[PDB]
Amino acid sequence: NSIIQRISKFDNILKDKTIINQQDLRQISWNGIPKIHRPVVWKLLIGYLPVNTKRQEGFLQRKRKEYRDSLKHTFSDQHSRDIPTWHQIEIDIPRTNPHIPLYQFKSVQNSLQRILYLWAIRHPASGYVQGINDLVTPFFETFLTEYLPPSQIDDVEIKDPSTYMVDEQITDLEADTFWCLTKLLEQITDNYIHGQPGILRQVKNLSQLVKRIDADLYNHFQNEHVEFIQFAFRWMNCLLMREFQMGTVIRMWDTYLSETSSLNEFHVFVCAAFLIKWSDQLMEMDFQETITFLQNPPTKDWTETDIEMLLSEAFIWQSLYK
């Protein structure tokens, strides 16, 4: 399974086939998608780009035009709680992914501002919710790589998009990111409506799962008064993004998108397997040590092997439970 060979396998699935076979694509993508293919494959797996290649050009033109029109319509046109929401998002943008240079560029901040604003305006039941600013980034960053030479994809996090893309392309990127973010969130809608009932349910599900497979760890938490919400809310709210390096998050998403192409369900098992990995270590920690540890897991040097192992385990656990 050489890197070059793998790229070729995806090429024959994606090119010169007229109608792309979703089944074949999901099967191979589960084990990781070559970076050069992520933009296209992610859009196909999430249900944005149509599998019939003959319908893609028109589809994109219409979707990208719709994004533009919607944004134009939502600007100084109506008289709603618009402005306030815009400022609420303005407060979080500059503070998103402070450890990654890409996110401090003004072009990036303005692009994310528009994307999140439009989604927020289109979802009154949720409005803008902290956490969505994190979820939009893996899509934004991955889709951005399609505009760079393949040999420079590894530098997407340090280059200003306005230095290699014209305004029209940045808007196209914004549209694709927006529609894909929309498709993602539609699978976990109640995770973000007021009161975030979906997240509370997820945390309860994780709590019950752990009580099931590791009663000793569960009992230790009780004795040390460790509540799952104290560390798992963030795990659920940002889909574990705040617990891993972006490269690891991107790789994880290849599998999440392939597996759900059931998001909440699969995520709960990944969280359980992640937690259980630290079980022995956690058994020797008190409240403060535990919270500090779970909000700052030692995943800095995780490799493809580490991530692949976690996902594979979560898949087996989920399969057994069903």
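All residue numbers refer to positions in the sequence shown, first residue = 1.
**Report entry** Where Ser261 meets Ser262 in the shown sequence, the number of deposited residues left unmodelled
**Finding:** A long stretch, 10 or more residues, is missing between them.
Query raised in the report: Once you work out the mean C-alpha B-factor for both 37-45 and 63-71 from the entry, which is higher?
Result: The recorded data point to 63-71.
**Report entry** Mean Cα B-factor comparison, 213-221 or 132-140, giving the higher one as deposited
**Finding:** It is 213-221 that shows the higher mean C-alpha B-factor.
Requested in this report: Specify which of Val108, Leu118, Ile158, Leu184 carries the largest Cα B factor in the deposited PDB entry.
Outcome: The C-alpha B-factor peaks, among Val108, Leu118, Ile158, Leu184, at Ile158.
Query - Identity of residue with top Cα B-factor, from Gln113, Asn191, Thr248, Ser126 - result: Answer, based on the entry's C-alpha B-factors: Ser126.
Report task. Consider only the C-alpha atoms of the modelled residues in this chain, order them by B-factor as the entry records it, and name the third containing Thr255: lowest, middle or highest. Result -> Ranked within chain, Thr255 CA B lands in the lowest tercile.
Query raised in the report: Hey, what third does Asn1 fall into on Cα B-factor, ranked over its chain?
Result: CA B-factor rank for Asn1: highest third.
Query raised in the report: Thinking about Cα B factors across the chain, which third does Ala272 belong to?
Result: Lowest third of the chain for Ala272's C-alpha B-factor.
Query raised in the report: So where's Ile83 on the chain's Cα temperature factor ranking, which third?
Result: CA B-factor rank for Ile83: highest third.
Query - For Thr290, the third of its chain into which the C-alpha B factor falls - result: Ranked within chain, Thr290 CA B lands in the middle tercile.
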